[PDB]
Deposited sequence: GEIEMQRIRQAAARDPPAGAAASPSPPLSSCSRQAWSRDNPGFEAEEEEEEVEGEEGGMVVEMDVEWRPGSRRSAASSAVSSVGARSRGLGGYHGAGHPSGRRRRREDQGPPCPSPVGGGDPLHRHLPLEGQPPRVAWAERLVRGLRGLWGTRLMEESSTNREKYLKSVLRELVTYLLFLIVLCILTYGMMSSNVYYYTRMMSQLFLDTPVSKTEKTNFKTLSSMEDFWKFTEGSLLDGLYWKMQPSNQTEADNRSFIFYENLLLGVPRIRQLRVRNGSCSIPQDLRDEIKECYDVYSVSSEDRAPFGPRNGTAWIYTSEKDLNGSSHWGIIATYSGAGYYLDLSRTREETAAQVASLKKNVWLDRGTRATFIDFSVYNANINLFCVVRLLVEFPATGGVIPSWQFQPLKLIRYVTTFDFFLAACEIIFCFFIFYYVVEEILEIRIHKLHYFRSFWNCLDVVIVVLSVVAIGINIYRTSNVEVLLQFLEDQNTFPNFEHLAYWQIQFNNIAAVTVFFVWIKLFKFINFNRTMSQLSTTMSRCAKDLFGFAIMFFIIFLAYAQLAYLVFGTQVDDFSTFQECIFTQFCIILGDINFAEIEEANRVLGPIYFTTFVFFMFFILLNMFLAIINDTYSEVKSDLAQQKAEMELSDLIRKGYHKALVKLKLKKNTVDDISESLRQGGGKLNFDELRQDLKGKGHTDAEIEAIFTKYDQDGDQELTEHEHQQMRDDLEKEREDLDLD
């Protein structure tokens, strides 16, 4: 026994140090202030009424007339504070917003032969083949002439109804309110939005001097082929200026120290079994995170490029995307670095009995999870075919899955289930609740419960 404990103790001390270094690094990413940074930003643009005479938020656009009322009203009064603007007196506006639109060709769809005398034209769903590249209206520059994703230094974006290319027709919005109002009013009078539009984007970014963060804003308004409007938004905080405080220089030392542990674990793996799989997972995700972290040092040259002329649009689109992907993988590595503690938790005959239960159980939990999810996904596809054209909570097959988890827990919206289909709605709900929650979910309890008393009946004797 002792010679195994003597190597395990050195691994445990090494691992507690590795855990502590990553926890210090990742607590160093944020302060409670940063939620209020984005909350105060989003309430100014989203939750201010579109006009002083109107009930609608930007969260509640329904037409091109609402979108013009927003972009002439609530947007401009959010951006331009009385040259410079600070969107609150603490937070500097970085120069110049941008508007971009994406558009579809007239006649890009098959009108049925019976209707062609009555309906002259149609415009498809947005796609790279239906996308429109011809110049239109008065043709006075980039608002009315197409430019590609590569010409515009842009990237493809995931909307609600479609993914969208980084390309389009675009305008840069001036330093001040009176200039920008004349620009947006010129687009409106020239009918810059019409039948062919399928999205618009409004982008800008802001710097907080007091806690040293950049917040990058995207507003995306989609214009479905069914008619109507769908608004959406992003407000992303970034720490582009890496180090300024003594605490940043301490994090910079931990950031170097983390690479020594990752190198040590890469060598130990160079020198089949769940802990070895989890070691590879932790190491690979850490190497990916370090690769993104290193790549971000050259992406930060976009800030150096911007600071030569603050009449340019600050293209922090890629920086925000890779900060999000870094934060995503940092959060996931922290999670797996906690799960590995279960290698060491086996202190005594209680902890080893609990951990032996989970590993001996997982064979049957996996078998029953497939068996459960066939029935759950059959219910998801039943729900999608019955309610998916009526109920927001079921509008996509993805939402059918998430809503069926909400219903099993107790977050239920039964009034809209029944109003969508008075015959199948109650039958679906009643049978889903009965077969999932009163019957099938209790199989997990049976599997776990019998495995635990099995394991305890062995460890009482081994």
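Asks: Could you list the ranges of the deposited sequence that have no C-alpha atoms in the model?
Replies: Unmodelled stretches, in sequence order: 1-161, 244-253, 443-452, 644-741.
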